[PDB]
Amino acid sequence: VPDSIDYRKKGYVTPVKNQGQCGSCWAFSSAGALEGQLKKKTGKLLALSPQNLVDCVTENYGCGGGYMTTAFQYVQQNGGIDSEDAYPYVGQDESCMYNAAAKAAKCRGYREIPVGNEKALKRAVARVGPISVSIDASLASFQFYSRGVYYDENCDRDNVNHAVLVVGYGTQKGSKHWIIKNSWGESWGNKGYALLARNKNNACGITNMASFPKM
């Protein structure tokens, strides 16, 4: 297991999108995780449809939030998720419009990551690929992040409100970190990305709802 990995550099990571006024972080986080897997198993990186997730994952709340496992199980039970070309993102709730011919990826379940265990998370990133996780993004220091390894002690390591995607890890000026991909546009963070404190005691509660799909 390497000291550093960065699935952007391995073609596993699609461009950064903007969710907008819609609370669909969980959808982008699922679609990105499925994208990382679809690339691992077929070798081809195709943009998947988070709008498919927000319309049709009826155990979730659309632009009111949801769970990523809830979406993985959905694409398992439904037999596929569409590509973002077939099913573009519009940022607003609507009725399900899943065309099965437009099916671009399948799923065979999901695995969750032991709560608290950052060592387990690192391993999972190293040997599976991008992982779907959820953090406390409520703080102003996060909404106006730009660079460096983010750490704010007021970060609730217990209650978690925003879904991002882990697309690798590493160290920088001595601080071990996680590389996460957000859905707030390229104007947020470091062109849509952020580094998060790693091995600093589960900062922002990143291993609370970590998961990835099976392919």
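Residue numbers here begin at 1 and follow the sequence given.
Looking at mean Cα B-factors across 93-101 and 121-129, the upper value is held by 93-101.
For the segment pair 142-150 and 65-73, the entry gives 65-73 the higher mean B-factor, averaged over Cα atoms. In the deposited coordinates, the residue among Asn190, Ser183, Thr58, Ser30 with the greatest CA B-factor is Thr58. Compared with the other modelled residues of the chain, the Cα B-factor recorded for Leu196 ranks in the lowest third. In this PDB entry, the Cα temperature factor of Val54 sits in the top third of its chain's modelled residues, the highest group. When all modelled residues of the chain are sorted by CA temperature factor, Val13 is found within the lowest third.
When the modelled residues of the chain are ordered by C-alpha B-factor, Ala163 sits in the middle third. Ranked by Cα temperature factor within the chain, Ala47 sits in the lowest third according to the deposited record.
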